[PDB]
């Protein structure tokens, strides 16, 4: 009779109906993503259409229950998620056109090939071919060729697509009552109905910038230490005061500097804290990697993977037998169906990535009993953080020693701890200016602040200014270098990787305090701690039933993102870098270019 109980019954209907239409859309996308074909594009489009039409009719009905008369916070949150129409606010033609743009971009990204000047019919994809060069090559010209071919031959294809994607996505967002697509994306962090726990979309930008100010000195000094080491790695090619050339950073973009470890290792004669060589000798394969991640989670009291996960996941590249999207993704298809899609290799990079993606699955499994609309991370940063909390413990030398990837007589120095902290920084700290800069560029594009003829001009200015990275080839407005990264051409928010990285240390403090941990945070391994497992799981199982600000406070005792646990984790490395750099330039000038 009352509105709240009418809404309860309406959600009852919706949850049951939604689950099968979502699941059929997930299966169709899975088919496309493991088997790129035009037939599978059209099935993904058909199931996506069916789901969006249903969502439009249902959200129209949900919006008839005034939220002003709803006491149940969980009933209010579910109805809040149905307050906008969504993707269906585009006409049939524009919606068809938008889909075509997204499918061409995603197909181009993981099937596009570049071919050699030297060889007319060798042909390399991004994955594995070009990524292998960008991760292992020590040759300036080989790395430059892969970095430039990718952007010249594939990025140019994406530029006109990306221009119209911006237009249609913004139109969609304005009809959903946002300013633009970027504002829409920042909505993931909005919290409205809860006194003292609210969070406006505008607050996120200020919190990202204010907290990034506190990360700059650590990054400046990591940057300076890397730049000094690269000078001997690439004689003639590195200015002592300039930005780093964009193609010398260890992957196709410099998103992480992890693969610079071999060049920048503080104490190279200590036992190797990178366990790649060790797992290759021990004949590890993808299966043993994912079995080891599974045993880690079971050690803290969380479940095994399901049978269907082991049966239906794609954990290695299927070959040229069929074309996959190799980028590691954790899938929650619905109805108890959980999968990872990943082209795993025998590297420490993929060992840690296996732990992090499985952590996301662990999260998905923990909130599966939540009603359909709250089956989600408390925000995108929470969902991106869980796995990284885990890999923080899975990466510790003590953990690697206990799974047999370090000698059973491996002994920890101040030197091995600095090695570990340096490698950790190359991944975790190196990505933060990368991540903030990429997303601010997109936010500026979305709000209409960069004329089309200055897209790439502003892109490279912001790389130089914020990131201290410089393009090795001048680039036209025929390029679209941001879209050469998976997340830009596959339409994913990116600031999740910024907020996640601050969260993961905030969480790790609280998990390690639950595990009664002895000493500094970077020596902590939550393995075998079911107390730590319990505190983590109790947050995981909430899904989005609580605002992320209250959810965060329940674990860590703070309502907001906070940079201090990250800075404290890296403090011993920060002290070391400052002493290492005392005879080196620190900071960068944006005027130097590799080209002239």
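Residue numbers count along the first chain shown, from 1.
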Given 403-411 and 428-436, the range whose Cα B-factors average higher in the PDB entry: 403-411
Name the higher of the two by mean Cα B-factor in the PDB entry, 119-127 versus 167-175. 119-127
Can you pull the Cα B-factors for 488, 321, 361, 158 from the entry and say which is highest? 321
In terms of recorded Cα temperature factor, pick the maximum from 200, 504, 74, 106. 74
Assigned third (lowest, middle, highest) for the C-alpha B factor of residue 557: highest
Taking the values exactly as deposited, rank residue 51 by C-alpha B-factor within its chain and report the matching third: lowest, middle or highest. middle
Within this chain's modelled residues, let me know which third the CA B factor of residue 566 belongs to: lowest, middle or highest. lowest
The third of the chain into which the C-alpha temperature factor of residue 380 falls is the lowest
Chain thirds by Cα B factor, record data; residue 259 belongs to the lowest
